[PDB]
Amino acid sequence: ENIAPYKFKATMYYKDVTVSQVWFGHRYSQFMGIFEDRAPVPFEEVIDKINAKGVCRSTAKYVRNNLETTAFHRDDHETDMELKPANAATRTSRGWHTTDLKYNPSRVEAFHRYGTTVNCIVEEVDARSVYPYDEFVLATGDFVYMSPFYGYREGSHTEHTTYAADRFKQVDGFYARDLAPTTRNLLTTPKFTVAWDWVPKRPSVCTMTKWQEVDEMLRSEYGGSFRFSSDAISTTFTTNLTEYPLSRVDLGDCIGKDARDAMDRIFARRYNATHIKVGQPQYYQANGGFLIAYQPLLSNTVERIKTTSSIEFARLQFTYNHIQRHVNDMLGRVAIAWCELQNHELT
Amino acid sequence: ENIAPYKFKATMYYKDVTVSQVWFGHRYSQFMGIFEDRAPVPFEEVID
Amino acid sequence: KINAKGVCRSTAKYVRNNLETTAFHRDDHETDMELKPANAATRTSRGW
Amino acid sequence: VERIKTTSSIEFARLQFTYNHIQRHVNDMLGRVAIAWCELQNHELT
Amino acid sequence: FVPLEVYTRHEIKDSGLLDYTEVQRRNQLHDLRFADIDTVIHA
Amino acid sequence: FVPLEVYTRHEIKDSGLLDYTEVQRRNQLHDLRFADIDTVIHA
């Protein structure tokens, strides 16, 4: 069972409206309050000046908490700062910020002076979503209440969003900035904007993970249940005789392609000139929730599955079955030879 | 060993005192600060 | 004053967010309060 | 200079020990059985 | 041999009192659920 | 017997959408990365 969340790059654009309030006193100056806010940048800004010219305005026009507000950085008129990369850090993805300090009013004695600050920050993170891929998270701890695959083309509108259509715009033929045409995907959450290269859901996600590639997996039907014994990985699975229809596995598209590639690679590497495939690859569902893609050989002569967290049941099954085959075979030979000895000694 | 925590319903009552400070400017209006506070409701309020 | 006399000033002189600011507690002139232990709590390390 | 990475399951090694213990025992005992069986056959030849 | 777990990874995850996902997922719904993030007022 | 895990502890840790370490480690770099914490301005 795939418990690895969906992972993909994502670009977070926001202006840190961090307004400060300062008092200048008779002998020294102290704050009265500092408000910080994360302000979204409109779609048109990301397209026209983040993607095209790598600049960003000194104003952050956004509707904050049911009111439209813009913040003139420097407390001066609007100006578009050339974006620049942030200072270095250890294993953090690339970030970029226009402003590098915070504006503060010059001292005027015994007066209350308010100080604004806008740092139009562009930062790239990696996003993470989990089934049902209803909404996804970004590294900064924030959220985006919408499926990673929501959009317009190819039934993307089916996938869940939790925003009015105005907040969610999409670019076709998007040219990624040098900071190949793409299909970029932007949402203006009440704090920021997230852009990730939109991709079709079913091919780009899966609820099953390729766990192992057994080069030799003996199969033996027994007691109305298949036994899948792998001497290489020391494991013996058990499944029902009926195959497992892939249509029942939710978002199981990856299984067919990954399986096919794995059996083809293994066949080329080891069984190209010794065996021949018999029938198209089969799929069985094992105890402990292990979908098995099985490709029988011969010598030239809708739901979600749940997987256990302990192979040790299956490894015990394999060890016990191996030892039992051996001891049963050997004690059977002993008993047969003992009968033959008795009948032979009768003379 | 029970490591499953104790679970039970619970009803949370509060008033989000979210006070905002706004400036109206010569040509446009911008905040000066927004304070949000979670305020308890007295027992008698919940009851009555 | 923390290591030697266990006192601390009523002013907090520090550069906050690219600006130097100090805060006179009590809104009065500077005074060094004798440190005292905080009230009790359950399996929290000592505070003052 | 490097850093080693440790698995999260001793059960591979505990299976290795259990299987090796049982295998030593059964191989030793079936070897004794086969040896005694040969000796029995050669002995019964008379 | 049936699969056996003293503690499935779900209850092991649930053993924690809180978690980022649930906790501030709810904490950032708070604005969406208990306020409008689209309506604009001018006067 | 080769070591075998259906889920290594790394992917079990990664199964969570977020985590304090990554999340607010980044969230408190935010100031350092996107601002100066040493420059002092007086006027």
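Here the Cβ is made from the backbone with ideal geometry for all residues, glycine too, and neighbour counts use every protein chain on show. Rule-based calculations on the coordinates, nothing more; no lab input.
Show me A:261-267, A:189-195 ranked by packing, highest mean number of other Cβ atoms within 10 Å first.
Working: A:261-267: 15.0, A:189-195: 22.7.
Packing proxy ranking, top to bottom: A:189-195, A:261-267.
Let me spell out the model: positive unit charges on the Cβ of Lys and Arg, negative unit charges on the Cβ of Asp and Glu, origin at the Cα centre of region E:1-42. What dipole size does that give, in debye rounded to 20? Before the final figure, lay out the partial values.
Values: 5 positive and 8 negative charges, 13 e Å.
Rounded to the nearest 20 debye, it is 60 debye.
As a test of the formula, what do you get for chain A when each DSSP H run with n ≥ 4 contributes -39,500 (n - 2.57) and the sum is divided by the residue count, at 222 nm and rounded to the nearest 500 deg cm²/dmol? Walk me through the numbers on the way to the answer.
Numbers: 3 runs with 56 residues, N = 347.
Mean residue ellipticity, 222 nm, calculated: -5500 deg cm²/dmol.
Going by average Cβ density within 10 Å per residue, which order do the peptides A:122-132, C:29-39 take, highest to lowest? Walk me through the intermediate numbers first.
Working: A:122-132: 19.4, C:29-39: 10.1.
Ranked from most to least packed, the peptides come out as A:122-132, C:29-39.
In chain C, if the dipole is taken from +1 on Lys/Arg beta carbons and -1 on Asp/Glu beta carbons about the Cα centre, which of C:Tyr14, C:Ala41, C:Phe24 is farthest to the positive end?
C:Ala41
Mind listing the phi-derived Karplus ³J(HN,Hα) values for region A:270-283, rounded to whole Hz, using 6.51, -1.76 and 1.60 with θ = phi - 60°, and x for any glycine or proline?
Whole-Hz 3J(HN,Hα) from phi for region A:270-283: 10, 10, 5, 10, 10, 9, 9, 5, 10, x, 5, x, 9, 9.
Using Cα centres only, tell me the gap between region B:1-47 and region D:4-25 in whole Å.
The distance from the Cα centre of region B:1-47 to that of region D:4-25 comes to 56 Å.
Given the C-alpha centroids of region A:284-347 and region A:81-116, what is the distance between them in whole angstrom?
Centre-to-centre distance over Cα atoms comes out at 69 Å.
Set the Förster radius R0 to 41 Å, insert the Cβ-Cβ distance between A:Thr183 and B:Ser20 as r into 1/(1 + (r/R0)^6), and round the FRET efficiency to 0.05. Mind dumping the intermediate values first?
Details: r = 38 Å, r/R0 = 0.94.
The computed FRET efficiency comes out at 0.60.
Apply 1/(1 + (r/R0)^6) to the Cβ-Cβ distance of A:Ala4 and F:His42, taking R0 = 35 Å, and write down the FRET efficiency to the nearest 0.05. Spell out each step's value before the answer.
Values: r = 52 Å, r/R0 = 1.48.
The computed FRET efficiency comes out at 0.10.
Is there a quick way to get the dipole size of region A:36-122? I mean about its Cα centre, with the Cβ of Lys and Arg at +1 and of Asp and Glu at -1; what is the value in debye to the nearest 20? Walk me through the numbers on the way to the answer.
On the way: 13 positive and 13 negative charges, 70 e Å.
Charge dipole, region A:36-122, about its Cα centre: 340 debye, nearest 20.
Determine the shielding of peptide A:184-197 by partner chains: average, over its residues, the number of Cβ atoms on other chains within 10 angstrom of each Cβ.
Numbers: counts 0, 0, 0, 0, 1, 4, 6, 3, 0, 0, 0, 0, 0, 0.
Across the residues of A:184-197, the mean count of other-chain Cβ atoms within 10 Å is 1.
Under a 5 Å amide H to amide H cut-off, with H placed in plane at 1.01 Å, what residues pair with A:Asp231 once short-range neighbours are removed?
A:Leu218
Kindly write out, for region A:69-79 in residue order, the coupling ³J(HN,Hα) from the Karplus curve 6.51 cos²θ - 1.76 cosθ + 1.60 (θ = phi - 60°), rounded to whole Hz, with x marking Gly and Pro.
9, 10, 10, 6, 4, 6, 6, 10, 5, 4, 8
With +1 on the Cβ of every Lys and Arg and -1 on the Cβ of every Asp and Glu, and nothing else charged, how large is the dipole of the protein assembly as shown about its Cα centre, in debye rounded to the nearest 20? Mind showing how you got there, number by number?
Numbers: 70 positive and 77 negative charges, 178 e Å.
My answer is approximately 860 debye.
Taking A:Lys210 as the anchor, which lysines have their alpha carbon closer than 30 Å to its alpha carbon, excluding any fewer than eight residues away along the same chain?
A:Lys7, A:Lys9, A:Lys201, A:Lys257, A:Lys277, A:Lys306, D:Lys5, E:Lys13, F:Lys13
Please turn the phi angles of region D:16-32 into ³J(HN,Hα) values with the Karplus equation 6.51 cos²θ - 1.76 cosθ + 1.60 (θ = phi - 60°), one per residue in order, whole Hz, x for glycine and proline.
4, 5, 4, 5, 5, 4, 5, 5, 3, 4, 5, 5, 4, 6, 5, x, 4
What is the mean number of Cβ atoms from other protein chains located within 10 Å of the Cβ atom of each residue in peptide F:10-21, rounded to a whole number? List each step's numbers first, then the result.
Working: counts 2, 5, 7, 0, 5, 8, 10, 15, 14, 5, 3, 0.
Mean inter-chain Cβ contacts per residue within 10 Å come to 6.
Let me know the mean shielding of A:58-71 by other chains, meaning the per-residue number of their Cβ atoms within 10 Å of its Cβ. Don't skip to the end; give the middle numbers.
Details: counts 0, 2, 1, 2, 0, 6, 6, 9, 9, 10, 6, 8, 4, 2.
That average works out to 5.
Using a basic spin-label model with each label point 7 Å from the Cα along Cα→Cβ, how many nm lie between F:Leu29 and C:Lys13?
3.5 nm
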